[PDB]
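Here is the structure we will look at.
Here it is, written out as structure tokens:
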């Protein structure tokens, strides 16, 4: 709901992991460059 | 007139650049109508140093290759000026902008010989021919072939290379916005050259075979020298032997690996325990 | 100059189409054409994170040393990078390390454009030794 | 006047740059000069396309060299070719003076200015063309009325505005009293590059070439002998070297650079000779066969 | 003030550094002086630029403009080599 069940716990991890990937990609490119 | 004072023809990078630049300047012709211009350079030497070139307006038709215009008057007047620049600058011959020579070129050559003391027809191309030389040098020769051909005036090749002068060479580096992966000074450059070498050989190799076909049928006159040289290439053949490398490169490299690792082994306990105290310190330190 | 610089501007907001333009402009003669070839991809993508664009700008500048292309290449990164301001110094530090005013010129500029709104401490600091230097 | 005189950032092409360096070089200490052909666009862009030169002399640059006859004569040739060029300015070379404009050089620049309002003056250093650094500058004259009212930073506006220091001494002092110096850019084109990069047809086979066993053997003998000498050093060296910092290890093992690195350097030189020979050895036999 | 600082800069640049030393043997009043340059070969200079005929003094070291020798002036005095040893 809006208390904090297990799916909210799902949303949190999802959000951070996704957002964080494009920035990690620039760093992955630097190794190659 | 003599065509004598040549055994070698070296050509400067200046020569090529002047022809592409000059095309726009004159009229924006662009090899629509082939241009012949004067070839300028040194004299009183066995080797020919082509210092320079300037265009003369020469249009040769594409209806017909026997009709051309060649501006004579420019040549006499440009003559006196060359000495103002330097006294090593005199008219050596002429340039053809390509794509190829003609039979017609013998006639263009007779006019130019009056001015020069060592006329040569050097085809500098407006397009660079491959990654090789963009220039080929030729000299007019009276020869017979045992093909049943009596006396002809034709062009036989004389060895071409690219040279440079001390002033000019420096200037070239500054201008360049390339860095050169084809320098050919070292191992890194040398490996690239080998890959290209194989490709070069293939491009050259095809031509040799088509020439042989033309003689066979699709009748073409035999240049006897070419056939004589061809047969020589196939006879030298032997088979290969040995050549190998040692385990030594590795040994040195491993030596470097031991030294660091020993320094690491003493440092480890110190460095790893301390980390936790410094870590805590950092987060608080950062705020102020 | 007016037209090379204009190509970037019309191309705004198409994103991917611009990729095609950087390479072609560079292929054309004069250093001026090549310069504004760097600006097109950057204007077009406008605050979207794109891996491919940053790589190309960087490689063109290093590989072929030309004054116009190296300055323009670095400057462009600050616009693609604009959306997140903290990420930027770590990429840009490597261009600042190279001894060459034009390379330095963009590397400095890149930090100012990206960090302009919400800034970061590190960005500002990097600029100061270049200010201090006798090279104008 | 401060109200219409601005500096001229000169775009110098390959044809002009090379021509000027060569001409000065051969003449030395005889100095060479000339008019520059180019085109003028903007109110500040001059592209220097090409140059021809005026009479050399053993006193160098003088009033006597400059005559309208040479220039006028050239212009008739320009018509005949159908080249359009107007005169952008003039050049000279000073091996016998610094970058400062000599007293005869200013006189000569004033005449040339009457003909083309926008006129540039170039010092070439032929001597420096021998070494791998070349220093040349372009300048533009500044008017006496301009200085008092305007001051010299007025030439700097609406253009690149880089003002050059060619060391200290006479060169800098003369600069300040005489002219405003403005920068150099190079014009380039893709085609122009392509010409320069070109090598030889012959280099194609050069790499391929099977390096003689004889020569190789000379190299092989040379490499094993240095290696043996160093091998000892290497052997003593490894007993110690418990510490990092490789330079300290170099003083200890004696001499600049580690003996491990010396042995590798030799192994690598042999490796390079070997690489051409073995690759070439199989490669040659198969392809001609 | 700031003013003398600028007077120095302005005078040094016109004057031309390096100044090549001369010795002032005597002054001619018409705007010339007879100088012997200490380099090895003597020059017949003009007295022009930041000095007067009377401002120059005999048996002294003087400053010459390096590019073209005119006598800029006497700041400095010349002591003999002999006198240094003798004197106590």
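Residue numbers (the deposited numbering), protein chains in the order written: chain K, 28 to 60; chain U, 1 to 288; chain N, 546 to 681; chain V, 22 to 310; chain I, 89 to 176. From the three backbone atoms N, C-alpha and C, an ideal C-beta is built for every residue, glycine too.
An exposed status is given to residue 268 of chain U, since fewer than 16 other beta-carbon atoms sit within 10 Å of its beta-carbon. Setting aside the 5 residues that flank it on each side, residue 128 of chain U is surrounded in the same chain by 16 and 134, each with a C-beta closer than 8 Å to its C-beta; the list follows chain order.
Between residue 59 of chain V and residue 134 of chain V, the CB-CB gap reaches or exceeds 8 Å.
Under the Cβ criterion (8 Å, minimum of three pairs), the segment 572-584 of chain N counts as touching the segment 617-634 of chain N.
Secondary structure at residue 250 of chain U: helix, using DSSP grouped into helix, strand and coil.
Residue 28 of chain V is positioned such that its CB atom lies no closer than 8 Å to that of residue 198 of chain V.
Per DSSP, the beta-bridge partners of residue 158 of chain V are V/144. Taking a beta-carbon distance threshold of 8 Å, residue 98 of chain I does not count as an interface residue toward chain V.
For residue 25 of chain U, the closest of V/255, V/229 and V/103 by C-alpha to C-alpha distance is V/103.
Sequence-ordered contacts of the segment 600-618 of chain N with chain K read 600, 603, 604 and 607 [C-beta pairs closer than 9 Å]. When DSSP states are grouped into helix, strand and coil, residue 633 of chain N belongs to the helix group. Residue 138 of chain I and residue 121 of chain V have their alpha carbons spaced roughly 23 Å apart. Residues of the segment 172-204 of chain U with a C-beta less than 7 Å from any C-beta of chain N: 177, 178 and 179, listed in chain order. Listed by position along chain N, the residues whose Cβ is nearer than 8 Å to that of residue 220 of chain V form an empty set, because the closest Cβ is around 19 Å away.
By the neighbour-count criterion, in which a residue is buried when 16 or more other Cβ atoms sit within 10 angstroms of its Cβ, residue 227 of chain U is exposed. Per the coordinates, the alpha-carbon of residue 42 of chain U lies some 48 Å from the alpha-carbon of residue 23 of chain V. In the structure shown, residue 560 of chain N falls within a coil segment according to DSSP collapsed to helix, strand and coil. For residue 154 of chain I, the chain V residues whose C-beta falls within less than 8 Å of its own C-beta are 190 and 191, listed in chain order. Residue-level contact by beta carbon fails for residue 666 of chain N and chain V, as no gap is shorter than 8 Å. Chain V has no Cβ within less than 8 Å of the Cβ of residue 118 of chain I. Counting every other CB atom within 10 Å of its CB across the protein chains shown gives residue 279 of chain V a total of 16 or more, marking it as buried.
Take the alpha-carbon of residue 240 of chain V and the one of residue 288 of chain V: they are about 11 Å apart. Listed in chain order, the positions of the segment 124-139 of chain U with a beta carbon within less than 7 Å of a beta carbon of chain V are 128, 131, 132, 133 and 134. Here residue 113 of chain V is buried. Its C-beta has 16 or more other C-beta atoms within 10 Å.
Between the segment 663-678 of chain N and the segment 147-166 of chain U there are fewer than three inter-stretch CB-CB distances shorter than 8 Å, so the stretches are not counted as touching.
In this structure, the CA atom of residue 569 of chain N is about 14 Å from the CA atom of residue 550 of chain N.
Per DSSP, the unbroken beta strand (DSSP E) holding residue 95 of chain U starts and ends at 90-96. Against chain U, the CB of residue 276 of chain V has no partner CB under 8 Å away; the residue lies outside that interface. Within the same chain, Cβ atoms closer than 7 Å to the Cβ of residue 78 of chain V are found at 51 and 86, the five residues on either side in sequence being excluded.
Judged by beta-carbon spacing, residue 112 of chain I lies beyond the 8 Å limit of residue 176 of chain I, meaning their Cβ atoms are not closer than that value.
Within the same chain, and ignoring the five residues on either side of residue 567 of chain N in sequence, the residues whose Cβ sits closer than 7 Å to its Cβ are 582, 583, 585, 586 and 601.
Within 8 Å of the CB of residue 629 of chain N, the CB atoms of chain K belong to 50, in sequence order along the chain. Residue 238 of chain V: member of the alpha helix (DSSP H) spanning 234-258, first to last residue.
Contact with chain N is absent for residue 197 of chain V, since none of that chain's Cβ atoms lies less than 8 Å from the residue's Cβ. Going by DSSP, residue 68 of chain V is part of the beta strand (DSSP E) stretching over 66-74.
The residues 611, 612, 613 and 614, in chain order, have a CB closer than 8 Å to that of residue 576 of chain N in the same chain once the five nearest residues on each side in sequence are set aside.
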